[PDB]
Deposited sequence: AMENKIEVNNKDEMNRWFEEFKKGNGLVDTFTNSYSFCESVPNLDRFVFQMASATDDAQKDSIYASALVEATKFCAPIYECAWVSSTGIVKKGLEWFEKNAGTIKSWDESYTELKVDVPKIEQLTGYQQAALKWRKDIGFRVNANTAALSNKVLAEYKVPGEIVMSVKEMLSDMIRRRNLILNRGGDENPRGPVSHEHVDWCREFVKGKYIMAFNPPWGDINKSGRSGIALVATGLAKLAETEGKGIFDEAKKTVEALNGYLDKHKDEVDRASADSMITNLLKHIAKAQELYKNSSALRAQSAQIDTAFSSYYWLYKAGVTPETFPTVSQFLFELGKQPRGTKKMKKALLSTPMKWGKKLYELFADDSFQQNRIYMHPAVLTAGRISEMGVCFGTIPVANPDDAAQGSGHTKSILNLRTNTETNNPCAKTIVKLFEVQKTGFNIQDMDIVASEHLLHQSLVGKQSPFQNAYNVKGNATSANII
């Protein structure tokens, strides 16, 4: 009783889908990708329920049930299937066994990672590894599983009725960004101009002294350079180096006109500043946030691997996940399942759970660390279709990024954002949102704004202001 999605290439994938599509009647009305979604999920009732709750557990059931509405029929079947395809599963799982070295940074520190804030080297390692993995196994079969490099989406059309809540969510998101952190535009601005080869600027830096240092006590040059990098990528450090090299040429050419000791000290200091800018950039909190985002497919495979799952054994995981999405089960049942089953991977996967180990604010958690909540990442990957009996998918299994598959476009009235907002509304009416470490609605919303349209797209490269 193995895995019925027998697929190794895009072509076979297409034929599989077609044979499935005929039997199941997928509709692409509200969904970006073909899905079981007949009618737009409507969650209005849940906020009313939430309001009439008295007990937190009840509030919890409510939120979960509301969530399952959004997820239950939205799964993008083609991509989910691909991701659970026999070919992908084999390669995906096999990949980590080949690449011990690539993943050493964090994989070998899983235990500490379970409790501690990750070194940026550990985040950056992950982010790179994910991309390599996708490349190696030929994960990307279409735009929906592509690794995004997208602009970063300034403008987003939203239905009027929700604008107020939409406004509310971002305000909260902006606040969260604010506390993370806590003249203004020329020390950075001076750097861009310099960076573009206007090396002359070095003679008259605006602070007057190349080495003047702001409240930080660190050079404005190094600071501005670092901020400039966060904004326009690490390309600039190289550009900066060329510019300094060029300036070195200029003084060399005018040897007689320039004091050689002064000249040498300067070129030196700029180099020292550049270095500081790079050390600054590494520990950029900005970089950390950008680097900290789960690549849903990558981690889900990582956990599979880490847990000892195998292609032969994988269908059991699909069932497990599939069952969780059908209706909310609570985590005790899920945990109980893991502990009960004769499947060896059951207890293994359970060990990876850091819910009880991690002592830092949750946002700081590495994205390769498993928590009960993140089980949802895997669920979308393998949980929407029970690979042993794919038709039972028609029955419906709800997972969060299943939500991402709803449509943003105005013609259909942006059902995606409409849905996200309501989730948020439901959560806000039950709970003191401002207090929570992590608000799922906000994360989703941010993700859509960056232009993610699939759970399986990777947005590490996508750089954007809001």
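- Residues of the deposited sequence missing from the coordinate set occupy positions 1, 184 to 193, 478 to 483.
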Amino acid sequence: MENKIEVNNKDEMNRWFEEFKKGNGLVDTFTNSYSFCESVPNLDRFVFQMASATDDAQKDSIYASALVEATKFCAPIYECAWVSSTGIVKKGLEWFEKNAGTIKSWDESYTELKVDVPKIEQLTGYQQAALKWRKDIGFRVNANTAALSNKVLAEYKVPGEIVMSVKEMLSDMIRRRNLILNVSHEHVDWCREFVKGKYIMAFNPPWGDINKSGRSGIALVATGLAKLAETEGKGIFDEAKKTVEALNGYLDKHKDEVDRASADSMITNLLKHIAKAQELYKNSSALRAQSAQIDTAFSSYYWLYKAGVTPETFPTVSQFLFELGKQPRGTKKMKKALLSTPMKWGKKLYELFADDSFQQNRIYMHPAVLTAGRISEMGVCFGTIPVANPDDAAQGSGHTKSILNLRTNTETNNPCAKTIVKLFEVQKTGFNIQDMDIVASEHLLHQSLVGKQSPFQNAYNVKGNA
From here on, numbers count along this sequence of modelled residues.
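- For the pair 378 to 386 and 153 to 161, the record assigns the higher mean C-alpha temperature factor to 153 to 161.
- Two stretches are in play, 255 to 263 and 285 to 293, and the higher mean C-alpha B-factor belongs to 255 to 263.
- Taking the deposited Cα B-factors for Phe353, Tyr110, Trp207, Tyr364, the highest one is held by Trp207.
- Comparing the listed residues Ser84, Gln127, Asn99, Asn182, the entry records the largest Cα B-factor for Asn182.
- Looking at the C-alpha B-factors along this chain, the one for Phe322 belongs to the lowest third.
- Among all modelled residues in this chain, the alpha-carbon of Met436 has a temperature factor (C-alpha) in the middle third.
- Sorting the modelled residues of the chain by their CA temperature factor places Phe30 in the highest third.
- Per the PDB record, residue ranking by Cα B-factor puts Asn269 in the highest third of the chain.
- Ranked against the other modelled residues of its chain, the C-alpha B-factor of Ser105 as given in the entry falls in the middle third.
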